[PDB]
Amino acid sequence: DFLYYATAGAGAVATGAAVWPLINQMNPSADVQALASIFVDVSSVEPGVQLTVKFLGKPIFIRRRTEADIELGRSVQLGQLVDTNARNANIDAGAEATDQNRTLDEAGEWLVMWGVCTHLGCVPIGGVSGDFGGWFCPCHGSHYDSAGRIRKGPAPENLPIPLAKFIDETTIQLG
């Protein structure tokens, strides 16, 4: 009786061994897995200069805020914002939308966020624009402050912040 059962089990194992490669082939390719995260060299990024980087098809803004941009960010109160959520994957989801929580370092010098308007996914124009000294969306007229928070327009939420961290003194690991 062992023989007629071992032959069936060995065939079922062989069937399963042949089916699983046919499923796993549809999982993300080795090149898609390699774009899960990227590394940016911010060695030559002075204050005030914006650095746009492609990630998962869409652009990410990496702006080194100046002395004036940080002042307007920390001056806004929590009641003046349309969306009080920070929209950051690093810290908890329940964190408030304070300027100290919208940056990676305690100094609030580096601002990393998705360059994707939450209204319908357009790319806002940077370099100090709009009516709040931040970003302006030309698709429908969404105004953002220097911290990247919605203040006027059809955009419901703030720009999300990806999982970012400084791996060393002059390199940021996005995702």
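Numbers follow the displayed sequence, beginning with 1.
- Averaged over Cα atoms, the B-factor as recorded in the entry is higher for 50-58 than for the other of 50-58 and 28-36.
- Between the stretches 154-162 and 9-17, it is 154-162 that shows the larger average CA temperature factor.
- Among the modelled residues of the chain, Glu106 sits in the middle third by CA temperature factor in this PDB entry.
- Split the chain's modelled residues into thirds by C-alpha temperature factor. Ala68 is in the highest one.
- Ranked by C-alpha B-factor against the other modelled residues of its chain, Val42 falls in the lowest third.
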